[PDB]
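Chemist: Residue numbers (the deposited numbering): 107 to 177, 187 to 293, 315 to 398, 415 to 445, 452 to 517, 521 to 918, 927 to 1032.
Before anything else, here's the structure in question.
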Ligand SMILES: COc1ncc(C2=CCOCC2)cc1NS(=O)(=O)c1ccccc1
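Here's what the structure looks like:
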């Protein structure tokens, strides 16, 4: 049928790779994933097309709640009905529920239309005007992110009563069309030859090989003999590893490194000793090696796709038996692990276990005590599983059976513990499956908060079909917002040839699950395609002609029918809730920096003031570190909000969408501190002293009694960013990367440097901001000390959740960020959060650091 061919060409267009390239690989593991995941994703599609209307609202328009609500006061609301142009303004309470507001809107409509109404508030849902956002459920109004937002900014909520029949019509329009353990032989392989090798002919070539189970070496690394450097080196030898074949763990990977000697790395390549169907690998293997920067165990176990250039390493995995040798089944493993011995011991050794499991590296004798007491670890300290898995001898199949027997009876762990187990230092498939089992209780909101880390964890995976891929795909097919961001996180990495196969295969599986959503994502990629061409034209044009003429050239290019069709009426890749309707070509522009980023403005007749939104298209710079930094700041704001602390933060969206390409959400009514401190003449803010400019600017935007609230929004946000930048190690802070909103809210932009990357970043305190906190006064210790308390109270909330940040940053090592790769980078966080110390000692240390920042600020007050 021409529908399947059309869908296939559309999927190929969307994921940035033709589906024909997957079939051309003639790979059983690739094709068996494509069938298995297509079946799974079409099941989800059918389940979804039969959902109730409230469950389809939960799929498409998941609730956006205030972090305090998860797990009185007068309010003016405007409610219109779908199709109608007349609306009703009424004053309800922040503690009233949506159903009461719907009953009140149906009463006003029944009185206005002089008819006794049959419809009931149970048949309706409230849409945020011109938005893919809905208010529903038994939650008071103030609990919704939209109503709470309106309260802070003084604006009036505009809602539309959508009927159950119109909601079902959306659902209907959006339809998809119709034995190893008895082999004590030492492990060995044949190093046959090497092809396309480029190196200095003065030197010699060596091949180093190690056996890994995640990070720990299964045995000592072995090396080949030094051979003369050439394009075709030949060893023809047998390297022998000090490990039995029966003792090979299921997740064992043979890691190779090709290099030149007289240190000079040329290439690296890894492979799994067992295939995806559990069969031990035998035969001739060609390893298309990856360039080097010596063994790389964390690197992928798949060949370099560029075979017309990559250096090859031809090896032979010897046939250990006259029959196919598979990895033993769980029943065979549990039966062997069921016959161990429980460690009965005195309170003296029990005192050490109760201390070293709560208290971090271990001593050799301490590991002997953790393994001996493994049964007591399971029963009394179930959250110490990660310590026990690290003391388990993975190079001993009998010790792996003893561990797996305890794991299979181990109780489900809390999300914080499960997040730790996803780390690469726990590569066992059963340990990953148990960790996924304990993540299933994650709400859509927690899942969305750690989605970026879970996507990086896919890079650590050894096989295509994994529990994490199925978990992520299942949650994405059940929630259109998870699906949206899962698509973009994978799509942004298609240019990386090591993840392109897996990421493109998951994106195809998702696309089968939702034909409609793929067409919405295509519309987004179409706009990004024109933004790329539009940015290029601006880069070339701006270097020859002036800024006003290049901006008019940009507006002419934008006014072409192709650009008007592509750039308008789309969901925002930065927020599916936000509809980018009419491009306001007049207000679009670009910045004066080397990459000339585009500022695209949008408006909406339906959404009103909410519809006037902006996006920034950036091409040339990498946005991955900004996205992570902003996500961590967002996390801080959630944690602070859950303890009743609202520091008025501004975690705007940042979305990488391709190769050095991405979008940033524009924060309207905001300016940089540098622009405000330029002190232009004939402005409502022209100062006598430059220190007054920032405060005068606030006075113009916030007249009379509004200034009091504006100074308080500034102060709260200052305390939030001071702590955030100190904890995260953000440096390169200057007037042009600190912005302020007309409301008084301060915030940071340009997050290219973090984790002190490498000098320890001190606590920063600017006298220009201290002058605002002090309300213009020289001495105002009441206001300044209120601010020190906001810092202290925000810092101690973050320390309480310090393990969550550490576990998230550890998973993020997989992203390959230059300022995030080794223990040294994440050491910065342990220092900033002072996690080794007590709450009194860390607070004393934070006070000394804040005081040392105040003395530096007084070098400006002395002037
Ligand atoms: C890292 O680059 C950025 N990061 C954030 C923003 C934002 C701005 C205003 O709205 C919230 C986001 C903008 C940029 N990039 S830019 O070149 O457009 C820019 C730089 C400095 C001042 C204003 C604009």
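Cβ atoms here follow ideal geometry from the backbone N, Cα and C, with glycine treated the same way.
Below 8 Å on the Cβ atoms is my guess for residue 273 versus residue 769; work out the distance and round it to an integer in Å.
Modeler: About 6 Å; that satisfies the 8 Å criterion.
Chemist: Just curious, the beta strand (DSSP E) that residue 487 is in, first and last residue?
Modeler: Segment: none, residue 487 is in no beta strand (DSSP E) and carries neither H nor E.
Chemist: So for residue 958, helix, strand or coil by DSSP?
Modeler: In this structure, residue 958 counts as helix in the three-state DSSP scheme.
Chemist: Tell me whether residue 825 sits in a helix, a strand or coil according to DSSP, three-state version.
Modeler: Residue state, collapsed to three classes: strand.
Chemist: Quick one: what does DSSP say residue 440 is sitting in, helix, strand or coil?
Modeler: If DSSP states are grouped into helix, strand and coil, residue 440 belongs with the strands.
Chemist: Under 6 Å Cβ to Cβ from residue 324, same chain only, skipping five residues before and after it: list those, please.
Modeler: Correct list, in chain order: 374, 376.
Chemist: Does the segment 896-912 come close enough to the segment 865-885 that 3 or more CB-CB pairs lie under 8 Å?
Modeler: They touch, by the three-pair rule.
Chemist: According to the neighbour-count rule (16 or more other Cβ atoms, all chains shown, within 10 Å of its Cβ), is residue 386 buried or exposed?
Modeler: The residue is buried, with at least 16 neighbouring Cβ atoms inside 10 Å.
Chemist: Based on the DSSP secondary-structure assignment, which residues constitute the bridge partners of residue 326?
Modeler: In the DSSP output, where bridge partners are listed per residue, residue 326 has 374, 474.
Chemist: Specify whether the segment 854-872 and the segment 802-822 touch according to this definition: at least 3 beta carbon pairs, one from each stretch, less than 8 Å apart.
Modeler: Flag = no, the segment 854-872 and the segment 802-822 do not touch.
Chemist: Roughly how many angstroms separate the alpha carbons of residue 250 and residue 1030, rounded to a whole number?
Modeler: Answer to the nearest angstrom: the Cα atoms are 50 Å apart.
Chemist: Terminal residues of the continuous beta strand (DSSP E) containing residue 429?
Modeler: Per DSSP, residue 429 belongs to no beta strand (DSSP E) and is neither H nor E.
Chemist: Would you identify the three-state DSSP class for residue 514, choosing helix, strand or coil?
Modeler: Helix, per DSSP.
Chemist: On a CA-only basis, which of 659, 240, 221 is nearest residue 232? Give me that one, please.
Modeler: Per the Cα distances, 221.
Chemist: Whose CA, out of 529, 981, 579, 764, lies closest to the CA of residue 618?
Modeler: Checking every option, the nearest Cα to that of residue 618 belongs to 981.
Chemist: Starting from residue 732 and walking both ways along the beta strand (DSSP E), at which residues does that stretch end?
Modeler: Note, residue 732: beta strand (DSSP E), 731-733.
Chemist: Comparing the CB of residue 758 with every heavy atom of ligand 1, is any distance shorter than 7 Å?
Modeler: Answer for residue 758: yes, Cβ within range of ligand 1.
Chemist: What first and last residue would you give for the alpha helix (DSSP H) that runs through residue 244?
Modeler: Run containing residue 244: none; DSSP gives neither H nor E here.
Chemist: Can you tell me where the beta strand (DSSP E) holding residue 923 begins and where it ends?
Modeler: No atoms are given for residue 923, which sits in the stretch of the chain between 918 and 927 that the model skips.
Chemist: Is residue 910 near ligand 1 - that is, is its Cβ less than 7 Å away from at least one heavy atom of it?
Modeler: Within the cutoff, so yes.
Chemist: Going straight from the alpha carbon of residue 436 to that of residue 897, what length do you get?
Modeler: Straight-line Cα distance between these residues: approximately 58 Å.
Chemist: Taking the alpha-carbon positions, what's the residue 607 to residue 909 distance?
Modeler: Looking at the two C-alpha atoms, the distance is approximately 25 Å.
Chemist: Residue 858 by DSSP, collapsed to three states: which one?
Modeler: If DSSP states are grouped into helix, strand and coil, residue 858 belongs with the helices.
Chemist: Could you have a look at residue 271 and say whether DSSP puts it in helix, strand or coil?
Modeler: Residue state, collapsed to three classes: coil.
Chemist: Can you list, in chain order, the residues of its chain with a C-beta nearer than 6 Å to that of residue 1004? Leave out the 5 residues immediately preceding and following it.
Modeler: 971.
Chemist: Taking 7 Å as the line, does the beta carbon of residue 754 fall inside it for any heavy atom of ligand 1?
Modeler: It does: the Cβ of residue 754 is within 7 Å (strictly closer) of some heavy atom of ligand 1.
Chemist: Taking 7 Å as the line, does the beta carbon of residue 897 fall inside it for any heavy atom of ligand 1?
Modeler: True, at least one ligand heavy atom lies under 7 Å from that Cβ.
Chemist: Is residue 750 near ligand 1, in the sense that its beta carbon is under 7 Å from a heavy atom of that ligand?
Modeler: No.
Chemist: For residue 199, does the count of other Cβ atoms within 10 angstroms reach 16, so buried, or fall short, so exposed?
Modeler: With fewer than 16 other Cβ atoms within 10 Å, it is exposed.
Chemist: Between the C-alpha atoms of residue 852 and residue 543, what's the straight-line distance to the nearest angstrom?
Modeler: Whole-angstrom Cα-Cα distance: 57 Å.
Chemist: May I ask you to list the residues that DSSP assigns as paired with residue 900?
Modeler: Note: residue 900 sits in a beta bridge opposite 833, 908.
Chemist: State buried or exposed for residue 415, treating a residue as buried only when at least 16 other CB atoms are found within 10 Å of its CB.
Modeler: Counting Cβ neighbours within 10 Å, residue 415 comes out exposed, since fewer than 16 surround it.
Chemist: Using DSSP bridges, identify the partner residues of residue 778.
Modeler: According to DSSP, which records beta bridges pairwise, residue 778 is partnered with 759, 824.
Chemist: Between which residues of its own chain and residue 733 is the CB-CB distance below 6 Å, once the five residues before and five after are set aside?
Modeler: Once the five neighbours on either side are set aside, the close Cβ partners of residue 733 are 739, 741.
Chemist: Nearest by alpha-carbon distance to residue 924: which of 502, 660, 546, 418 is it?
Modeler: Within the chain, the sequence of modelled residues goes 918 then 927, so residue 924 has no position in this structure.
Chemist: Tell me which residue opens and which closes the alpha helix (DSSP H) that residue 317 is part of.
Modeler: It is not in any alpha helix (DSSP H) - residue 317 carries neither H nor E in the DSSP assignment.
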